[PDB]
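Let me begin by presenting the structure, written as structure tokens, before commenting on it.
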Amino acid sequence: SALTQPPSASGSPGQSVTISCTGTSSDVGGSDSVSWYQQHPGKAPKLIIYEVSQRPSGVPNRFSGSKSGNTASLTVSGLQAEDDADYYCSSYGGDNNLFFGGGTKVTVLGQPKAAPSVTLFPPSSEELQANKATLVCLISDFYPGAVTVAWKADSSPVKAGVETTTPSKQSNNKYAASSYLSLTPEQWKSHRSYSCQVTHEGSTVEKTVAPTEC
Amino acid sequence: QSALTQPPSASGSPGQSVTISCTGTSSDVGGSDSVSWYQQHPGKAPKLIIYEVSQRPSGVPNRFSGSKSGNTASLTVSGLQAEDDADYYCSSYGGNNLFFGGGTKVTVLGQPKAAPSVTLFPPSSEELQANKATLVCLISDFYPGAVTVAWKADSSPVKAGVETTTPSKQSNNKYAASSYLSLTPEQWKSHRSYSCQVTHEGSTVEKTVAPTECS
């Protein structure tokens, strides 16, 4: 039996948002065992409130928890991009039962546009010794999290051997991805250069690398 | 690092059994019979599946069993079913605070296992000229799509400046990710080496790179 949370809530940077967690007299209304967890997709939930109002060590004083009757509430003030996450409440009930809310996705509205930083790496000596010549185009610090990548061998398009990872949000709240091109040492040494062209929000960043002169 | 230690992953095929551990100290896991286990499917609420070491809440099948020996609690899932593929967490009371593990991803194998290809790249000449010395540890062609990365500066663990992408399925239906360490040129040039350690299916692969006079 789930506790009741709104599926979504939102706020702009620096604003406050309050989200609720409705249970029954025998769980939320029954004791001070209400906890709140903040979870970024693909990461473990982080405890932000326990015993209705208590913050663990390291949780900013911007997160406040309270309860009135059968409804617990979490308020997040001075919203920051890192606060954009899923929030789950829980409460013990009778008979060793532990109830969880269905989660609230809190959206921090209007986050700033950010162009990608692109760094193109030529093949490592270890992999060239291992008869491999992979290039990696590291793409970081971009927002929103959608990019397209094209590769060139000299000035010509590369139509095979390309993989680009699905962008993931990193600790600076901006996206990262890597495009990698698996070349043979012969393909790498036979061209004057390779280039990675990253398109983000209609603007392209191009980087070029060439076989070592060392 | 979480208060209790759980292995980052486990796997098995349908019908197999898996056992996952949760290690603490004598003041938490080994001090009482208060270990709880929680199951969580991506994008869904966690669910309590074991409490007080061995107790199953109503409706949790007997395929799930919990035990404890000294400072280590264990959860066994027998006859693995598709619905068991999830993240599993433990918790315990401590000397009367609550301590948690960092979670174990349990994968019900959907295709053959595949060990990752790990390629470690030193700083590129262009970024060094731009006063950056980012290293990239490319990890590809692995299954299950669960990986843990750690970096070392010489033999010392380095946590600061590390970012690792969430694994994503590539055109060959295997996973890829990259881990990048944002060093300054001073940090890069002043150490003997830097290493990328990739853990997958309980085994660790390490790659090391060191500065050169010419890039």
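Residues in the structure tokens are numbered from 1 in each chain, the chains being A, B, ... in the order shown, and ligands are numbered from 1 in the order shown.
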Please identify all polymer residues within 7 Å of residue 191 in chain A, counting only C-alpha atoms, omitting same-chain residues fewer than 3 positions from it, and present them as a ChimeraX atom specification. /A:153-154,187-188
Please produce a file of those selected residues containing C-alpha atoms, as a short mmCIF file (atom, residue, chain, number, x, y, z; two decimals), in the first residue's frame.
data_model
loop_
_atom_site.label_atom_id
_atom_site.label_comp_id
_atom_site.auth_asym_id
_atom_site.auth_seq_id
_atom_site.Cartn_x
_atom_site.Cartn_y
_atom_site.Cartn_z
CA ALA A 153 38.66 10.96 -42.16
CA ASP A 154 40.63 13.84 -43.71
CA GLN A 187 43.30 3.35 -41.23
CA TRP A 188 44.72 5.76 -38.55
#
I'd like to know which residues of range 13-193 of chain A are strand (DSSP E) (by DSSP, run on the backbone); could you write them as a PyMOL selection string? chain A and resi 17-22+35-39+46-49+63-68+71-76+85-92+98-100+104-108+117-121+133-142+148-153+156-157+162-164+168-169+175-183
Can you list, as a list in words, every protein, DNA or RNA residue that comes within 8 Å of range 125-130 of chain A when you count only C-alpha atoms, leaving out same-chain residues fewer than 4 positions away?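 Near range 125-130 of chain A, the qualifying residues are residues 134 and 185 of chain A; 119 of chain B.
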Export of prior selection with C-alpha atoms as a short mmCIF file (atom, residue, chain, number, x, y, z; two decimals), in the first residue's frame:
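Listed below is the output, part25.cif:
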data_model
loop_
_atom_site.label_atom_id
_atom_site.label_comp_id
_atom_site.auth_asym_id
_atom_site.auth_seq_id
_atom_site.Cartn_x
_atom_site.Cartn_y
_atom_site.Cartn_z
CA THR A 134 40.35 3.78 -31.17
CA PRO A 185 46.26 1.10 -36.96
CA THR B 119 41.28 1.95 -23.09
#
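Every protein or nucleic acid residue with an atom no more than 6 Å from range 128-137 of chain B, counting only C-alpha atoms and leaving out same-chain residues fewer than 4 positions away, appears here: residues 119, 120, 121, 122, 123, 178, 179, 180, 181, 182, 183, 184 and 185 of chain B.
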Would you mind listing, as a PDB file with N, CA and C atoms, in the first residue's frame, all residues of chain B that have at least one atom within 9 Å of chain A, where only C-alpha atoms are what counts?
ATOM      1  N   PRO B  42      14.195   0.428 -11.248  1.00  0.00           N
ATOM      2  CA  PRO B  42      14.426   1.800 -11.757  1.00  0.00           C
ATOM      3  C   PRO B  42      13.138   2.588 -11.966  1.00  0.00           C
ATOM      4  N   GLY B  43      13.134   3.826 -11.482  1.00  0.00           N
ATOM      5  CA  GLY B  43      12.001   4.741 -11.598  1.00  0.00           C
ATOM      6  C   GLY B  43      10.829   4.427 -10.687  1.00  0.00           C
ATOM      7  N   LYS B  44      10.986   3.447  -9.775  1.00  0.00           N
ATOM      8  CA  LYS B  44       9.914   3.072  -8.878  1.00  0.00           C
ATOM      9  C   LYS B  44      10.370   3.210  -7.454  1.00  0.00           C
ATOM     10  N   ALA B  45       9.407   3.227  -6.552  1.00  0.00           N
ATOM     11  CA  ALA B  45       9.690   3.326  -5.135  1.00  0.00           C
ATOM     12  C   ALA B  45      10.426   2.078  -4.634  1.00  0.00           C
ATOM     13  N   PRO B  46      11.311   2.235  -3.628  1.00  0.00           N
ATOM     14  CA  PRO B  46      11.901   1.040  -2.985  1.00  0.00           C
ATOM     15  C   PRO B  46      10.788   0.268  -2.284  1.00  0.00           C
ATOM     16  N   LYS B  47      11.051  -0.993  -1.941  1.00  0.00           N
ATOM     17  CA  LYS B  47      10.089  -1.813  -1.209  1.00  0.00           C
ATOM     18  C   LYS B  47      10.881  -2.615  -0.164  1.00  0.00           C
ATOM     19  N   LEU B  48      10.402  -2.657   1.070  1.00  0.00           N
ATOM     20  CA  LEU B  48      11.019  -3.466   2.129  1.00  0.00           C
ATOM     21  C   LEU B  48      10.735  -4.953   1.808  1.00  0.00           C
ATOM     22  N   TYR B  51      13.188  -7.783   7.035  1.00  0.00           N
ATOM     23  CA  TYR B  51      13.463  -6.959   8.202  1.00  0.00           C
ATOM     24  C   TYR B  51      13.912  -7.896   9.309  1.00  0.00           C
ATOM     25  N   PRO B  57       8.131  -9.529   4.932  1.00  0.00           N
ATOM     26  CA  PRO B  57       6.814  -8.875   5.026  1.00  0.00           C
ATOM     27  C   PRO B  57       5.772  -9.709   4.242  1.00  0.00           C
ATOM     28  N   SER B  58       4.490  -9.500   4.515  1.00  0.00           N
ATOM     29  CA  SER B  58       3.435 -10.224   3.792  1.00  0.00           C
ATOM     30  C   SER B  58       3.544 -10.040   2.266  1.00  0.00           C
ATOM     31  N   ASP B  87      17.782  -3.129  -8.064  1.00  0.00           N
ATOM     32  CA  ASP B  87      18.841  -2.752  -7.125  1.00  0.00           C
ATOM     33  C   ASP B  87      18.384  -3.190  -5.754  1.00  0.00           C
ATOM     34  N   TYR B  89      19.237  -2.930  -1.521  1.00  0.00           N
ATOM     35  CA  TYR B  89      19.938  -2.200  -0.493  1.00  0.00           C
ATOM     36  C   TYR B  89      19.767  -2.886   0.863  1.00  0.00           C
ATOM     37  N   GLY B 102      25.405   0.825  -0.048  1.00  0.00           N
ATOM     38  CA  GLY B 102      25.351   1.622  -1.277  1.00  0.00           C
ATOM     39  C   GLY B 102      24.606   0.987  -2.444  1.00  0.00           C
ATOM     40  N   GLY B 103      24.066  -0.216  -2.214  1.00  0.00           N
ATOM     41  CA  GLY B 103      23.308  -0.967  -3.205  1.00  0.00           C
ATOM     42  C   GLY B 103      24.071  -1.959  -4.062  1.00  0.00           C
ATOM     43  N   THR B 119      40.239   1.203 -22.399  1.00  0.00           N
ATOM     44  CA  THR B 119      41.280   1.948 -23.094  1.00  0.00           C
ATOM     45  C   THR B 119      41.478   3.258 -22.349  1.00  0.00           C
ATOM     46  N   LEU B 120      42.700   3.498 -21.925  1.00  0.00           N
ATOM     47  CA  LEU B 120      43.040   4.676 -21.146  1.00  0.00           C
ATOM     48  C   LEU B 120      43.852   5.636 -21.986  1.00  0.00           C
ATOM     49  N   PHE B 121      43.385   6.875 -22.092  1.00  0.00           N
ATOM     50  CA  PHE B 121      44.052   7.881 -22.917  1.00  0.00           C
ATOM     51  C   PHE B 121      44.704   8.973 -22.070  1.00  0.00           C
ATOM     52  N   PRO B 122      45.990   9.289 -22.331  1.00  0.00           N
ATOM     53  CA  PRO B 122      46.612  10.426 -21.634  1.00  0.00           C
ATOM     54  C   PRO B 122      46.121  11.773 -22.225  1.00  0.00           C
ATOM     55  N   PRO B 123      46.511  12.926 -21.640  1.00  0.00           N
ATOM     56  CA  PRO B 123      46.057  14.213 -22.199  1.00  0.00           C
ATOM     57  C   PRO B 123      46.498  14.431 -23.646  1.00  0.00           C
ATOM     58  N   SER B 124      45.621  15.046 -24.416  1.00  0.00           N
ATOM     59  CA  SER B 124      45.904  15.354 -25.816  1.00  0.00           C
ATOM     60  C   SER B 124      46.696  16.642 -25.841  1.00  0.00           C
ATOM     61  N   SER B 125      47.496  16.821 -26.887  1.00  0.00           N
ATOM     62  CA  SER B 125      48.344  18.004 -27.033  1.00  0.00           C
ATOM     63  C   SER B 125      47.513  19.280 -27.013  1.00  0.00           C
ATOM     64  N   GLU B 126      46.370  19.297 -27.722  1.00  0.00           N
ATOM     65  CA  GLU B 126      45.516  20.484 -27.775  1.00  0.00           C
ATOM     66  C   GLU B 126      45.025  20.898 -26.399  1.00  0.00           C
ATOM     67  N   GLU B 127      44.528  19.934 -25.575  1.00  0.00           N
ATOM     68  CA  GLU B 127      44.027  20.373 -24.267  1.00  0.00           C
ATOM     69  C   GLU B 127      45.171  20.833 -23.328  1.00  0.00           C
ATOM     70  N   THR B 134      42.870  16.517 -18.854  1.00  0.00           N
ATOM     71  CA  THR B 134      41.838  15.486 -18.650  1.00  0.00           C
ATOM     72  C   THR B 134      42.274  14.150 -19.243  1.00  0.00           C
ATOM     73  N   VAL B 136      40.932  10.119 -20.124  1.00  0.00           N
ATOM     74  CA  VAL B 136      39.662   9.449 -20.400  1.00  0.00           C
ATOM     75  C   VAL B 136      39.872   7.955 -20.398  1.00  0.00           C
ATOM     76  N   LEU B 138      37.971   4.817 -21.490  1.00  0.00           N
ATOM     77  CA  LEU B 138      36.865   4.350 -22.337  1.00  0.00           C
ATOM     78  C   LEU B 138      36.581   2.900 -21.994  1.00  0.00           C
ATOM     79  N   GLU B 163      34.409  11.843 -13.172  1.00  0.00           N
ATOM     80  CA  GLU B 163      33.024  11.725 -13.651  1.00  0.00           C
ATOM     81  C   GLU B 163      32.934  10.453 -14.478  1.00  0.00           C
ATOM     82  N   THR B 164      31.878   9.678 -14.303  1.00  0.00           N
ATOM     83  CA  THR B 164      31.713   8.460 -15.083  1.00  0.00           C
ATOM     84  C   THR B 164      30.301   8.471 -15.624  1.00  0.00           C
ATOM     85  N   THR B 165      30.154   8.240 -16.938  1.00  0.00           N
ATOM     86  CA  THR B 165      28.841   8.274 -17.577  1.00  0.00           C
ATOM     87  C   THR B 165      28.037   7.035 -17.215  1.00  0.00           C
ATOM     88  N   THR B 166      26.717   7.175 -17.276  1.00  0.00           N
ATOM     89  CA  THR B 166      25.846   6.031 -17.054  1.00  0.00           C
ATOM     90  C   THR B 166      25.992   5.099 -18.262  1.00  0.00           C
ATOM     91  N   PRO B 167      26.203   3.774 -18.072  1.00  0.00           N
ATOM     92  CA  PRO B 167      26.356   2.894 -19.246  1.00  0.00           C
ATOM     93  C   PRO B 167      25.159   2.945 -20.179  1.00  0.00           C
ATOM     94  N   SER B 168      25.420   2.897 -21.470  1.00  0.00           N
ATOM     95  CA  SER B 168      24.339   2.901 -22.455  1.00  0.00           C
ATOM     96  C   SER B 168      24.590   1.831 -23.473  1.00  0.00           C
ATOM     97  N   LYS B 169      23.509   1.252 -23.959  1.00  0.00           N
ATOM     98  CA  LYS B 169      23.543   0.175 -24.936  1.00  0.00           C
ATOM     99  C   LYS B 169      23.915   0.717 -26.317  1.00  0.00           C
ATOM    100  N   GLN B 170      24.979   0.144 -26.916  1.00  0.00           N
ATOM    101  CA  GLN B 170      25.474   0.543 -28.231  1.00  0.00           C
ATOM    102  C   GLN B 170      24.911  -0.333 -29.374  1.00  0.00           C
ATOM    103  N   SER B 171      25.262  -0.039 -30.652  1.00  0.00           N
ATOM    104  CA  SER B 171      24.648  -0.777 -31.767  1.00  0.00           C
ATOM    105  C   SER B 171      24.865  -2.302 -31.730  1.00  0.00           C
ATOM    106  N   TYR B 175      27.112  -2.691 -23.690  1.00  0.00           N
ATOM    107  CA  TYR B 175      27.169  -1.377 -23.071  1.00  0.00           C
ATOM    108  C   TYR B 175      28.496  -0.667 -23.203  1.00  0.00           C
ATOM    109  N   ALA B 176      28.454   0.657 -23.129  1.00  0.00           N
ATOM    110  CA  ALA B 176      29.663   1.480 -23.128  1.00  0.00           C
ATOM    111  C   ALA B 176      29.484   2.626 -22.186  1.00  0.00           C
ATOM    112  N   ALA B 177      30.604   3.111 -21.695  1.00  0.00           N
ATOM    113  CA  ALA B 177      30.655   4.271 -20.805  1.00  0.00           C
ATOM    114  C   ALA B 177      32.061   4.812 -20.845  1.00  0.00           C
ATOM    115  N   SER B 178      32.254   5.990 -20.283  1.00  0.00           N
ATOM    116  CA  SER B 178      33.598   6.517 -20.150  1.00  0.00           C
ATOM    117  C   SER B 178      33.693   7.157 -18.796  1.00  0.00           C
ATOM    118  N   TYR B 180      36.086  10.099 -16.849  1.00  0.00           N
ATOM    119  CA  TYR B 180      37.099  11.106 -17.165  1.00  0.00           C
ATOM    120  C   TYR B 180      37.562  11.799 -15.923  1.00  0.00           C
ATOM    121  N   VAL B 209      48.647   5.062 -17.246  1.00  0.00           N
ATOM    122  CA  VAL B 209      49.317   5.940 -18.208  1.00  0.00           C
ATOM    123  C   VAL B 209      50.257   6.857 -17.435  1.00  0.00           C
ATOM    124  N   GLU B 213      57.653  13.150 -22.762  1.00  0.00           N
ATOM    125  CA  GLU B 213      58.281  14.429 -23.141  1.00  0.00           C
ATOM    126  C   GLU B 213      57.502  15.055 -24.312  1.00  0.00           C
ATOM    127  N   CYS B 214      57.072  14.197 -25.247  1.00  0.00           N
ATOM    128  CA  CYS B 214      56.371  14.592 -26.460  1.00  0.00           C
ATOM    129  C   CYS B 214      54.973  13.978 -26.507  1.00  0.00           C
ATOM    130  N   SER B 215      53.979  14.805 -26.886  1.00  0.00           N
ATOM    131  CA  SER B 215      52.580  14.401 -27.058  1.00  0.00           C
ATOM    132  C   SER B 215      52.213  14.522 -28.539  1.00  0.00           C
TER     133      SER B 215
END
I need the residue nearest residue 66 in chain A from this list: A:85, A:19, A:139, A:109. Use only C-alpha atoms for the distance.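 Of A:85, A:19, A:139, A:109, the one nearest residue 66 in chain A, counting only C-alpha atoms, is A:19.
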In terms of the shortest atom-to-atom distance over only C-alpha atoms, which of A:60, A:6, A:11, A:93 is closest to residue 33 in chain A?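 With only C-alpha atoms as the atom set, the closest residue is A:93.
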Best match for closeness to residue 77 in chain B among B:16, B:208, B:197, B:1, counting only C-alpha atoms: B:16
Write out as number ranges by chain each polymer residue whose atoms come within 10 Å of residue 56 in chain B, counting only C-alpha atoms; drop sequence neighbours fewer than 6 positions from it. A: 96; B: 36-37, 48-50, 62, 64-66
With C-alpha atoms kept, could you save the residues just selected as a PDB file, in the first residue's frame?
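Listing of selection.pdb after writing:
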ATOM      1  CA  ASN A  96       6.901  -4.059  11.201  1.00  0.00           C
TER       2      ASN A  96
ATOM      3  CA  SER B  36      16.598  -4.801   6.544  1.00  0.00           C
ATOM      4  CA  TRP B  37      16.826  -5.394   2.775  1.00  0.00           C
ATOM      5  CA  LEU B  48      11.019  -3.466   2.129  1.00  0.00           C
ATOM      6  CA  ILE B  49      11.637  -7.209   1.421  1.00  0.00           C
ATOM      7  CA  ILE B  50      13.405  -8.361   4.660  1.00  0.00           C
ATOM      8  CA  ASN B  62      10.185 -17.597   0.327  1.00  0.00           C
ATOM      9  CA  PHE B  64      14.082 -14.355  -0.672  1.00  0.00           C
ATOM     10  CA  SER B  65      15.920 -15.223   2.544  1.00  0.00           C
ATOM     11  CA  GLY B  66      18.095 -13.231   4.838  1.00  0.00           C
TER      12      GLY B  66
END
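Residues with any atom within 9 Å of residue 154 in chain B, counting only C-alpha atoms and excluding same-chain neighbours fewer than 6 positions away, are residues 191, 192, 193, 194 and 195 of chain B.
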Hey, can you spit out that residue selection with N, CA, C and O atoms as a PDB file, in the first residue's frame?
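What landed in selection09.pdb:
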ATOM      1  N   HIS B 191      53.102  13.488 -11.220  1.00  0.00           N
ATOM      2  CA  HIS B 191      52.918  12.147 -10.666  1.00  0.00           C
ATOM      3  C   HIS B 191      53.636  11.152 -11.551  1.00  0.00           C
ATOM      4  O   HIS B 191      53.801  11.407 -12.758  1.00  0.00           O
ATOM      5  N   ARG B 192      54.026  10.008 -10.956  1.00  0.00           N
ATOM      6  CA  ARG B 192      54.666   8.874 -11.632  1.00  0.00           C
ATOM      7  C   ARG B 192      53.698   8.340 -12.724  1.00  0.00           C
ATOM      8  O   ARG B 192      54.114   8.068 -13.849  1.00  0.00           O
ATOM      9  N   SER B 193      52.398   8.256 -12.386  1.00  0.00           N
ATOM     10  CA  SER B 193      51.352   7.740 -13.266  1.00  0.00           C
ATOM     11  C   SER B 193      49.962   7.950 -12.670  1.00  0.00           C
ATOM     12  O   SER B 193      49.820   8.360 -11.521  1.00  0.00           O
ATOM     13  N   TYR B 194      48.945   7.628 -13.476  1.00  0.00           N
ATOM     14  CA  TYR B 194      47.534   7.613 -13.099  1.00  0.00           C
ATOM     15  C   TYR B 194      46.970   6.312 -13.633  1.00  0.00           C
ATOM     16  O   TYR B 194      47.390   5.865 -14.703  1.00  0.00           O
ATOM     17  N   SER B 195      46.052   5.692 -12.889  1.00  0.00           N
ATOM     18  CA  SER B 195      45.429   4.433 -13.277  1.00  0.00           C
ATOM     19  C   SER B 195      43.911   4.516 -13.230  1.00  0.00           C
ATOM     20  O   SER B 195      43.358   5.230 -12.399  1.00  0.00           O
TER      21      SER B 195
END
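Between CA of residue 26 in chain A and CA of residue 38 in chain A lies a distance of 24.4 Å.
Using only C-alpha atoms, the contacts of residue 17 in chain A at a cut-off of 12 Å, with sequence neighbours closer than 5 positions omitted, comprise residues 8, 9, 10, 11, 12, 62, 63, 64, 73, 74, 75, 76, 77, 78, 79, 80, 83, 84, 104, 105, 106, 107, 108 and 109 of chain A.
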